[PDB]
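Here you get one chain, nothing else, as C-alpha cells; it is the form deposited in one PDB entry.
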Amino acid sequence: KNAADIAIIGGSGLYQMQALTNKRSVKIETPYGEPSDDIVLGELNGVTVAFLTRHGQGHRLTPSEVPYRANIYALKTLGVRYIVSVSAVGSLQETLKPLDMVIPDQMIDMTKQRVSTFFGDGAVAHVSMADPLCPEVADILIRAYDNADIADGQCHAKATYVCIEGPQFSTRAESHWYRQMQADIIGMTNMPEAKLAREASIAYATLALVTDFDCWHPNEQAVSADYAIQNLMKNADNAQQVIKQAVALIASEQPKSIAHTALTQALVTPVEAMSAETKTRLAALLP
C-alpha cells in the first residue's frame, strides 16, 4: 500500500520543489466523498510525505465548502500520524507583521456551517480539544523555522488563532471584538480541520503565514499590484523551506503526541454497540 507518516495541508506547489522526488498522485475515496484534490506523495530525503491542496487545484473551493471530513479521513487511511497545516492569516496584533509566521498554540472556533465531527448518526465521542495544536509538532515547527534561515520576517509562537466562517473579510467591529477575546491571528480553514484530526488521532499543528493586518489597522495595502503577488509568493516560498526542515525533524524525532490516543478515552458508544453502517463509515478512525 501507498503510505505516509506525515502530511502537509496547504496551497498547491507546496509540493512543487525539486527536493521532492517520485512525485505521484493518488485518488482516495472515503465514506465522506472525495478529498479536495488527489493527494500528492513523494520523498523528502527518503521520507514519504502526503501533500493535500486544501482548496483544490486552481484554488477552486471557498473555506466553507472544503470537504474537511474526506480530507482528514483520506490522510488517516495513508497512516498519517502527523499533520502540518499551512495557512494564510490576517494579524490582529501590531507585532505580527506581513511575511511573519506564527505557530499558534490555541484556537477559537467561530465557524458556523461546517460539519465539525465524524460522530453522530450511530456513534458518540467527545474528544478534548484543550490543547488543540500538538505542542511537540509546534515545538518542531519553531526549530524548523530557525533551521530554514528565512530572510524576511520572524516567527512567533504561543499565539491564539480565531477561525471564522468567511468568505468575506471581517468588519472593523468584529476585528476589535477578536482582539478583546485575545485572539492574535485570524483565518478561515483550520477549523474544523483541527477537531477532525484530533478525532482521527493524528497529531496536528499549524504554520500560519501572515499576509496582512486584518482591518483593525486601516491600510488598503499589501493587497496591490507590486505587492500581494510578491507577498503571497514570498510567504509560499518561505513556507516551503520551513516544511522541508520540519519533515526532517518529525522523521528523526518521532515525538509522542497526546493526539495519538485521543479517541480511546473519548468514545462513549462501544464499537460492539455500533451498527454495521456506522462501524464501516468510521472504520479508519477506530482501533
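Throughout, rigid core stands for the largest set of C-alpha atoms superposing within 1.5 Å between the two forms. All residue numbers refer to positions in the sequence shown, first residue = 1. Shifts are known only where both forms have a C-alpha.
Heads up, the form deposited in another entry isn't pictured, but that's what we're talking about next.
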Checklist outcome for this item: With the core superposed between the shown form and the other one, a CA shift of at least 2 Å among 57, 45, 252, 221 belongs only to 221
Checklist entry - Has the Cα of residue 17 moved 2 Å or more between the shown form and the other one, judged after a core fit? => result yes
Checklist outcome for this item: Checking the C-alpha spacing of residue 221 and residue 178, a student should find that in the other entry it changes by 3 angstroms or more, with the atoms farther
Checklist entry - Relative to the form shown here, do the C-alpha atoms of residue 62 and residue 12 sit closer together or farther apart in the other entry, given a change of 3 Å or more? => result closer
Next on the checklist: At 2 Å or more of Cα shift, core superposed, where are the runs of at least three residues that differ between the shown form and the other one?
Outcome noted: 11-19, 220-226, 228-230
